[PDB]
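Just one chain follows, in the form deposited in one PDB entry, and it is written as structure tokens.
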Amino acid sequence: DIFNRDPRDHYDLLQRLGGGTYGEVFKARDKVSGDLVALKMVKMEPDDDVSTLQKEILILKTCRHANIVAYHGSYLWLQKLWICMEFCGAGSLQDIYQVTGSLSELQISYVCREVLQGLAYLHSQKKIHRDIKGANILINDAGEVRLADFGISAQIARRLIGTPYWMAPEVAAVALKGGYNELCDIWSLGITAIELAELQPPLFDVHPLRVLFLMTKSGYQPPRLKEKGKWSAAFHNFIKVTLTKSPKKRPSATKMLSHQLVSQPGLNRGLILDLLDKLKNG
């Protein structure tokens, strides 16, 4: 259901969102219900095909989990594709910690638990987020955690490796799946936990292609937390097991929900309400 209609017939555009870090996203108010939503608008070339997204848009619609950002329908109108999603008034975690500074272990643990619940739901649906990081974890004014859109922000970028028509089936398959297994979101989550702990992912001051070269070496060591004494053993093990080099030995999302760090009691949105208070005042 991609309503071929001007989205302004249903909603009123209020302001920009994200400051351009996710393209042109808008805070919009529903004329009817009065609710607030988010509208991500993506431009067309127009060499793009609206139907190649159908298999991806059905993915974002059939997601009945509270930790995934809700989807409310799409809109295509004058080479402009508007994705309507649940709004999260606190922005991303990256927006937050760039003001509040580093997060606490308890806050990280709650965010990790909520992200795992969304991942374990996503992987049970045999989907892969592909880009778990601070900027794709949204917070609402209730301090609740929402994974951002996935699979849609990938294809249509819209630029591959080679040239699609001359590619080989092995090259074609890898240009789509990307050598991905669901267990790479677990790695991404471990890097995100380090990101939420140290404001920056490991090797952030290193050129991107360089770090990828480093990760193919047979003696490559997965990253760690810089300050040992600052974090608990549970957090240090959570980083170790999420950052398992071999995907065969890497715990699944559900198995990680059994881990000490995220199954401990006392994890709730209040930890983020503290973080959103440290945002406005302190």
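Basically, rigid core = biggest C-alpha set you can superpose within 1.5 Å across the two forms. Numbers follow the displayed sequence, beginning with 1.
- Modelled in this chain, residue 266 is likewise built in all the other compared entries whose models extend past it on both sides, so a third of them omitting it does not occur.
- Across the other PDB entries of this protein whose models span the neighbouring residues, residue 23 is modelled without exception, so it is unmodelled in far fewer than a third.
- Unmodelled residues of the deposited sequence between residue 128 and residue 129: none, the chain being continuous.
- Unmodelled residues of the deposited sequence between neighbouring positions residue 160 and residue 161 number 1 to 3.
- Once the C-alpha B-factors are averaged per stretch, 55 to 63 and 224 to 232 rank with 55 to 63 first.
- Averaged over CA atoms, B-factors in the entry run higher in 21 to 29 than in the other of 21 to 29 and 256 to 264.
- Highest C-alpha temperature factor among 141, 149, 205, 105 per the entry: 149.
- Of the candidates 153, 188, 117, 92, it is 153 whose Cα B-factor is highest according to the PDB record.
- When the modelled residues of the chain are ordered by their C-alpha B factor, residue 136 lands in the lowest third.
- Residue 240: CA B factor in the lowest third of modelled residues in this chain (values from the PDB entry).
- Ranked against the other modelled residues of its chain, the C-alpha B-factor of residue 200 as given in the entry falls in the lowest third.
- Among all modelled residues in its chain, residue 101 ranks in the lowest third by Cα B-factor.
- Looking at the C-alpha B-factors along this chain, the one for residue 279 belongs to the middle third.
Separately, the form deposited in another entry exists; it is not shown, and the next lines address it.
- Residue displacement note: residue 227 has its CA displaced by under 2 Å between the shown form and the other one (rigid core superposed).
- With the core held fixed, the Cα of residue 270 is displaced between the shown form and the other one by less than 2 Å.
- The two forms, fitted on the rigid core, differ between the shown form and the other one by 2 Å or more at the CA of residue 150.
- The Cα-Cα distance between residue 28 and residue 151 is shortened by 3 Å or more in the other entry relative to the form shown here.
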